[PDB]
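I have placed the structure first, in the form of structure tokens, so that the comments after it can refer back to it.
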Amino acid sequence: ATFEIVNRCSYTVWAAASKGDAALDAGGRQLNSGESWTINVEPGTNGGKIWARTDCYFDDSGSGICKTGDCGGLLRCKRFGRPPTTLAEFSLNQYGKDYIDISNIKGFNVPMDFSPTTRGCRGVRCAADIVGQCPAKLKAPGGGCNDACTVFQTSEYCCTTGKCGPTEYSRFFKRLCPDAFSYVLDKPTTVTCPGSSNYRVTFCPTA
């Protein structure tokens with residue numbers, strides 16, 4: 001499956017794509033304002049994620065650092081990135097169907113639209129200004145808006161026991177972006193698409 005990843009932000013981002021234990025495609029690449037990068041993801045990819053990283057420096061070998069979303073200092077990500085990171089999440093060809101969603105469970109750094117480019121389902125979007133409205137205690141000094149698990153490390157915020165409920169913090173995410181996961185047990189906003197759909201992930205989809 002192809003995912004066109006498009007940076008409509010006014011700033012450079014370094015796109016990243018991983019399924020946690022491996023890169024997807026090259027795993028990462030710089031996208032200046034306006035650029036598009038098309039990757040190929042193997043059918044049957046389960047638990048895939050795509051995200052943006054900000055204010056990165058890499059050297060000639062592709063080692064460095066990112067202020068949000070750093071995946072162990074690599075340009076070419078093999079593992080998930082350091083919160084805060086708005087996440088495009090997907091599992092492909094799962095008993096005949098694709099599943100897509102956007103999640104704020106690991107915080108928010110960059111607005112995002114995640115849409116099929118092929119027929120038969122809708123896209124999802126989290127494009128509100130969550131960084132500028134972020135509650136004081138969630139603001140990440142390095143840039144972006146942390147989820148409350150990252151900040152406070154409690155069973156309630158992290159949903160460790162499997163029994164958590166919504167919180168003042170999760171409700172800020174949900175109010176700003178009703179169509180993204182705000183906490184682990186949030187009512188699902190996952191979209192069911194035809195198996196083997198193709199997709200576009202757009203950073204900063206709106207002015």
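Chain labels run A, B, ... following the order of the structure tokens; each chain numbers its residues from 1, and ligands are numbered from 1 in the order shown.
Among the residues of stretch 89-137 of chain A, backbone DSSP assigns strand (DSSP E or B) to residues 89, 90, 91, 92, 93, 94, 97, 98, 99, 100, 101, 102, 103, 108, 112, 113, 114, 115, 116, 124, 125 and 126 of chain A.
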Near stretch 105-122 of chain A, counting only C-alpha atoms, which residues have an atom at most 7 Å away, once you skip same-chain residues fewer than 3 positions from it, shown as a PDB file with C-alpha atoms, in the first residue's frame?
ATOM      1  CA  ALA A  52       6.114  14.147  12.145  1.00  0.00           C
ATOM      2  CA  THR A  68       9.602  16.070  19.213  1.00  0.00           C
ATOM      3  CA  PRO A  83       6.317  12.056  22.794  1.00  0.00           C
ATOM      4  CA  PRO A  84       4.765  14.455  22.152  1.00  0.00           C
ATOM      5  CA  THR A  85       3.705  13.068  18.721  1.00  0.00           C
ATOM      6  CA  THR A  86       0.383  13.263  16.927  1.00  0.00           C
ATOM      7  CA  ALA A  88      -1.463   8.319  12.244  1.00  0.00           C
ATOM      8  CA  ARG A 125      -8.385  14.789  11.100  1.00  0.00           C
ATOM      9  CA  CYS A 126      -6.824  16.432  14.130  1.00  0.00           C
ATOM     10  CA  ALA A 127      -5.998  19.948  12.914  1.00  0.00           C
ATOM     11  CA  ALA A 128      -6.994  22.131  15.896  1.00  0.00           C
ATOM     12  CA  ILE A 130      -3.669  22.033  20.406  1.00  0.00           C
ATOM     13  CA  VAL A 131      -0.129  23.328  20.977  1.00  0.00           C
ATOM     14  CA  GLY A 144       4.339  20.433  21.563  1.00  0.00           C
ATOM     15  CA  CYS A 145       1.685  19.158  24.052  1.00  0.00           C
ATOM     16  CA  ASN A 146       2.313  16.014  26.231  1.00  0.00           C
ATOM     17  CA  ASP A 147      -0.338  13.498  27.147  1.00  0.00           C
ATOM     18  CA  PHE A 181      -8.151   9.049  20.571  1.00  0.00           C
ATOM     19  CA  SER A 182      -7.705  11.140  23.692  1.00  0.00           C
ATOM     20  CA  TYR A 183      -6.982   8.279  26.176  1.00  0.00           C
ATOM     21  CA  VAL A 184      -6.457   4.493  25.969  1.00  0.00           C
ATOM     22  CA  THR A 192     -12.827   0.669   8.705  1.00  0.00           C
ATOM     23  CA  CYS A 193     -11.524   0.839   5.067  1.00  0.00           C
ATOM     24  CA  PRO A 194     -11.428  -1.757   2.237  1.00  0.00           C
ATOM     25  CA  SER A 197      -6.609   0.867   0.417  1.00  0.00           C
ATOM     26  CA  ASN A 198      -4.034   3.616  -0.270  1.00  0.00           C
ATOM     27  CA  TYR A 199      -3.582   6.733   1.890  1.00  0.00           C
ATOM     28  CA  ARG A 200      -2.369  10.303   2.231  1.00  0.00           C
ATOM     29  CA  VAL A 201      -1.014  11.752   5.485  1.00  0.00           C
ATOM     30  CA  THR A 202      -1.003  15.542   5.394  1.00  0.00           C
ATOM     31  CA  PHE A 203       0.740  17.640   8.034  1.00  0.00           C
ATOM     32  CA  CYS A 204      -0.939  21.032   8.691  1.00  0.00           C
ATOM     33  CA  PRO A 205      -3.979  20.258   6.379  1.00  0.00           C
TER      34      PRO A 205
END
Please run DSSP on the backbone and report, as a PDB file with C-alpha atoms, in the first residue's frame, all residues within chain A that come out as helix (DSSP H, G or I).
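The resulting file, part.pdb, is reproduced below:
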ATOM      1  CA  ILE A 130      -3.669  22.033  20.406  1.00  0.00           C
ATOM      2  CA  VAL A 131      -0.129  23.328  20.977  1.00  0.00           C
ATOM      3  CA  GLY A 132      -1.279  26.969  21.445  1.00  0.00           C
ATOM      4  CA  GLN A 133      -4.245  26.010  23.709  1.00  0.00           C
ATOM      5  CA  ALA A 136       0.041  24.697  31.405  1.00  0.00           C
ATOM      6  CA  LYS A 137       1.097  21.359  32.941  1.00  0.00           C
ATOM      7  CA  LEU A 138       1.074  19.551  29.614  1.00  0.00           C
ATOM      8  CA  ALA A 148      -0.936  13.165  30.879  1.00  0.00           C
ATOM      9  CA  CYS A 149       0.603   9.645  31.088  1.00  0.00           C
ATOM     10  CA  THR A 150       3.940  11.034  29.825  1.00  0.00           C
ATOM     11  CA  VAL A 151       3.793  13.856  32.358  1.00  0.00           C
ATOM     12  CA  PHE A 152       2.460  12.151  35.499  1.00  0.00           C
ATOM     13  CA  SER A 155      -2.200   4.103  36.499  1.00  0.00           C
ATOM     14  CA  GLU A 156      -5.210   6.333  35.766  1.00  0.00           C
ATOM     15  CA  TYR A 157      -3.522   8.320  32.938  1.00  0.00           C
ATOM     16  CA  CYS A 158      -1.559   5.342  31.473  1.00  0.00           C
ATOM     17  CA  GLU A 168      -9.570  16.597  32.731  1.00  0.00           C
ATOM     18  CA  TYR A 169      -6.437  16.210  30.550  1.00  0.00           C
ATOM     19  CA  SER A 170      -7.918  13.628  28.142  1.00  0.00           C
ATOM     20  CA  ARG A 171     -11.006  15.877  27.837  1.00  0.00           C
ATOM     21  CA  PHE A 172      -8.905  18.781  26.543  1.00  0.00           C
ATOM     22  CA  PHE A 173      -7.584  16.598  23.686  1.00  0.00           C
ATOM     23  CA  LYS A 174     -11.142  15.280  22.973  1.00  0.00           C
ATOM     24  CA  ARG A 175     -12.659  18.796  22.939  1.00  0.00           C
ATOM     25  CA  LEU A 176      -9.966  20.148  20.619  1.00  0.00           C
TER      26      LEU A 176
END
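Across the model, the gap from atom CA of residue A:69 to atom CA of residue A:154 is 21.9 Å.
Of the listed residues (A:95, A:11, A:90, A:58), A:90 comes nearest to residue A:191; the distances count only C-alpha atoms.
Shortest atom-to-atom contact with residue A:43 among A:167, A:104, A:190, A:196: A:196, counting only C-alpha atoms.
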